[PDB]
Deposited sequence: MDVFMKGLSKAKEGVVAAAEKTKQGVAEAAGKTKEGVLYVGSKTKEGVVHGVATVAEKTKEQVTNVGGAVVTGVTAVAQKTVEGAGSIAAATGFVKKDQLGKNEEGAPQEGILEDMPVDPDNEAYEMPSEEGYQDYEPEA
């Protein structure tokens, strides 16, 4: 004889604001042979799961902003 029993019985102006956010990312990269041969320049690779937030400014997440030149 086996017997079992269970018996159970306000302005919020910017309030909850989730932004510039990255969450829940599962990334497998098995074999990526990255051979980056750069001469005289700018290179950006492999930016994953990145966040930024600015106020009163100029923001670039991954910018290949190559050259400035000025002669006078």
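A.B. asks: In sequence order, which deposited residues have no C-alpha?
C.D. replies: No C-alpha for residues 1-13, 23-36, 100-140.
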